[PDB]
Amino acid sequence: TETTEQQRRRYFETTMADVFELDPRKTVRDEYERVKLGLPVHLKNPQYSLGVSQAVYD
Amino acid sequence: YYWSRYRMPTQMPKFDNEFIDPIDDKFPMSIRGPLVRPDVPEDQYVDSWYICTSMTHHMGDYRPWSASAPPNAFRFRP
Amino acid sequence: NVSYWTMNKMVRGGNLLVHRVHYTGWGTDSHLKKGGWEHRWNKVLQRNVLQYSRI
Amino acid sequence: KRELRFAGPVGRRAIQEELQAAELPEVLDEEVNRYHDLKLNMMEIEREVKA
Amino acid sequence: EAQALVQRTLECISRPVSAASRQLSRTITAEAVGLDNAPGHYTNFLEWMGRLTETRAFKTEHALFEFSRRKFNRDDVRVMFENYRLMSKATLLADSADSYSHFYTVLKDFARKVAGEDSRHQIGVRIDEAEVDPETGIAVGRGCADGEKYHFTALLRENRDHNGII
Amino acid sequence: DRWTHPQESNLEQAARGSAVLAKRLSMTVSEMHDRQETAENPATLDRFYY
Amino acid sequence: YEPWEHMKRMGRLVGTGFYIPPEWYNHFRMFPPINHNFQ
Amino acid sequence: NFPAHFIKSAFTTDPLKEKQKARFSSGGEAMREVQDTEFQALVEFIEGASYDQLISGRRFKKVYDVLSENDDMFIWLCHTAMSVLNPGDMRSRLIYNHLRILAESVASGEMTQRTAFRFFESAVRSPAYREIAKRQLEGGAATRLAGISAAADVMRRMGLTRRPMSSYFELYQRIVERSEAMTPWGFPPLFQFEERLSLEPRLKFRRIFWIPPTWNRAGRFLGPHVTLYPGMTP
Amino acid sequence: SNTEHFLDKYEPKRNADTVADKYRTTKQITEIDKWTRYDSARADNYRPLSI
Amino acid sequence: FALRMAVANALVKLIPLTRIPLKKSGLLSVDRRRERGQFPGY
Amino acid sequence: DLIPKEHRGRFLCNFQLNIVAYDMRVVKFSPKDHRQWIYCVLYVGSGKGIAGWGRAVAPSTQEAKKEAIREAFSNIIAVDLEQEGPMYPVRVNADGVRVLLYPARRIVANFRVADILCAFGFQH
Amino acid sequence: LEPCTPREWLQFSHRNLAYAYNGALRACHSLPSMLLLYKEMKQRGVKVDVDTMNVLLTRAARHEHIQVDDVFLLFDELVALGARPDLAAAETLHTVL
């Protein structure tokens, strides 16, 4: 409750820094926006590692 | 009176050869489709009395073909 | 049990509940389509009488 | 602009001195009168109160 | 081998010319447009229009022109309806933010059809799986003729003694 | 003026005014306010083609 | 039914002071319609 | 003779009945008891392919009107007339600016298309324009292609089109029509356009029946759905 | 699939546009369903006790 | 003709690949021709 | 919608209408006489110097009046009101209707034409 | 299109989907897109033909980062799925080897 949304976005980017080989500043940012929107990213991305999936779920 | 039942008036709608609408009837057959009613199972239609058309026993509320066959049925067979 | 004129009048008006079919066919009934008036006659006879044991 | 029009000396002076540097558009009083005289949208009011 | 290799490389590098671009380049001539003594300018215009034909907006406009001319059919209407049903509401808003994306989503494969980019595949007689009885090897067929007068059901089984009859 | 303002009996003018009164009563407050159907502004009752 | 007649009618309509002129009126005052006579 | 039906809704309601009707049915009671135009027209038309609807000509006519309601035909006429001009001649510059103003006014709607066409025909029948077009055609290398391409580009830039990129497809259509040699470049058929605009204010380029027959009206008729000679569906 | 396949090596590189393109068909349930007059006036699927 | 149609359908059900020759020869194509129904007028 | 598009939101004066006459004409869409339409003639004007006249046939009186008003607004014309009238005689022969408009310090005409003069604003 | 009417079921033709997908593969000129479409084809249930195997092999033989072991694995997968190894496919395998 004491961490701002910008901090959460930066933390998500740090967690998923090396998940896309192409443009990170766009790919990871879109991933975070979709996650916060509520899309089934876990269902559509079975290749994600345990840590990445746990971060997305949190 | 007995006839007092048959006195309810219906208000006119509010706007903004014979019997046929030229715009809909003259539409090309190959595009409009050789159909005069929705392609739902024929068990939903009953031949209307005194009228040369077929209405549905359920007012509107059309059910598709997949609503009568088991799920993922082949050719809608049981 | 009405004349042709009376039946036609009652059909053209809303006084009898009948279902219009093709004027030059046999109709919906399978007995009519499979033999005609005589076959439906025989089927009526079979239903009325020729199905009981008649002890 | 309507508030500045109907404000007193001290209040209107404060508004003028605070907005002297803001790049406000040159608005004729007719635009302000039109906007103020436009009637409120009762459907929008209902939507807002329901929300 | 060098001329063959340079020809193959030119063929590979060359961008896929669209059907509309090829049709225009074949029908029009420099004399018709008055650039008879300007081969360079004529070629520049031809390349410009040919590459501009490949954009999504051009395909959407051509598809809508064909739609206005009423050159589609029931299958095309059904495909358009299914394409419209497929896309979601947020996607609908995002594509309508662009001027042509929402139109192209519902006109997809129809702009391709009118541009000729559609695949040329052979559609043959429908082949369905066998409905033979697993326990008896019996296939059932129907035959109807003269309305409700001739109706027959055919049961067919394999004969391994080569003495089959009807 | 006679053509533009057809004469009508009071017993039927009362019915005509009651029709719009009933329509406005059926309408909600927000609908009336948005459509500008008030006691002073006229409100249409029927509009069709035959 | 002439460009000059339309321009003159619009000009004398604007001259009343109770008709906001369209942009094309001043634009055609700047660039008058091409005349067919005087050749 | 003929009984009074009084189909008017204002001739069948009276205050005495309305007094009792209002108490039972009112706005509060009803509330208590009850719970991109081109694209919209297109989706409305194609939703008729649902399992519970039919393809109707009304919706197609509506979408056709929505698609053809523009004046891009007149704008392209003006800019094709402008393309043949010489960007260096002063008379050609005057004609170009006059026609550009005309096209802009048409697009803005400030001038009706009838008077716009009067202006256009008076401008294009002038001897100066005819002489300029004659020189344009006579030249071995001419600027018609560049002029019409720039016309399409300025039509996009100035917002004289229904959609930003429709002008380029219209230019492609213009070129493929120029391949047919219908008319010399810069000499549109004024009589044909006048005939079009006299009628149309805006320049442009098993039966289904809404009333089913009744038994009294039609003696021996079944309906549009019945099949007298059906087949055997697999 | 949850098991890696050798052909998955040659799949197109994950570009942000294509990643955003796989969620286009993901439709919300409120968009999936629609409440109509038939729903409002629907009869009871069981045997009522009183009306 | 009815017997031929029934046998063609049975063959198609048994061996799926036989569908193409019979369909191209029009053996599964039913004709909707029907004799005129009874009518006292004629 | 009565005011045409080119005149939309440009008039600064409140016009007044004057119905000159009504009658009944026959319209024949079919080869035979199709039906009867009311023919209404009217003119709208404001004393500021703007006026127009219209005529229309329609099935109903209100529709005829509306169409005539639309035609009048389409054909509206104006004059310069500085001398409150002309300053030289104008004689026009239109379809045999010989009309003379001349300057005068008073408005002199029969009532039917004086109403038109007041509509245009020609007090002299 | 998924058949939602008996008339559409009369043309569903699960075999003709093979011809449709072969045409689509011949239309697409990019091996990654071709392989994605082939994955959809093989997970949908389409009965793969000899023509789709020929086009897949002739497009995989000419790829920037292709492995011959992977090409042979694709051939074995197609044969196990049900395609018939015709002589054109045999010669393509021969030249790859």
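Labels A, B, C, D, E, F, G, H, I, J, K and L are assigned to the chains in the order they are written; within every chain, residues are numbered from 1.
Criterion: a contact is a pair of C-beta atoms (placed from the backbone, for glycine too) under 8 Å apart; a residue touches a chain by one contact, two chains touch by 3 or more.
**Student:** Between A-I and H-K, which chain pair is linked by more C-beta pairs in contact?
**Tutor:** A-I
**Student:** Using C-alpha centres only, name the chain that sits farthest from chain B.
**Tutor:** G
**Student:** From the Cα centroids, identify the chain that ends up most central relative to all protein Cα atoms.
**Tutor:** H
**Student:** If you average the CA atoms of chain C and of chain K, how far apart do the two points sit, in angstrom?
**Tutor:** Comparing mean C-alpha positions, chain K is 75 Å from chain C.
**Student:** Which whole number of Å gives the spacing of the CA centres of chain A and chain D?
**Tutor:** 43
**Student:** CA centre of chain H versus CA centre of chain I: separation in Å?
**Tutor:** That gives a centre separation of 38 Å.
**Student:** Could you put a whole-Å number on the gap between the CA centroids of chain E and chain F?
**Tutor:** Here chain E and chain F have centroids separated by 58 Å.
**Student:** What positions in chain G touch 2 or more of the other chains?
**Tutor:** Residues 22 of chain G touch two or more partner chains.
**Student:** Send over the residues of chain F in touch with two or more other chains.
**Tutor:** Residue numbers touching two or more other chains: 29, 46.
**Student:** When you check chain H against every other chain, which residues touch at least two of them?
**Tutor:** 8-9, 50-51, 55, 60, 110-111, 215, 222, 229, 232, 234
**Student:** Can you tell me which positions in chain E touch chain B when the two form their complex?
**Tutor:** 70, 72-74, 77
**Student:** Sort out for me which residues of chain K touch chain F in the complex.
**Tutor:** Counting only chain K, the residues touching chain F are 19, 22, 61, 65.
**Student:** Touching residues of chain B toward chain H in the complex: what are they?
**Tutor:** Listed in rising order, the residues of chain B that touch chain H are 9, 11-12, 18-21, 23-27, 31-40, 45, 47, 50-54, 60, 62, 64-65, 75.
**Student:** Give the list of chain F residues in touch with chain K in this complex.
**Tutor:** Residue positions touching the partner: 3-4.
**Student:** Quick one: in the complex, what on chain L touches chain H?
**Tutor:** 4-6, 10
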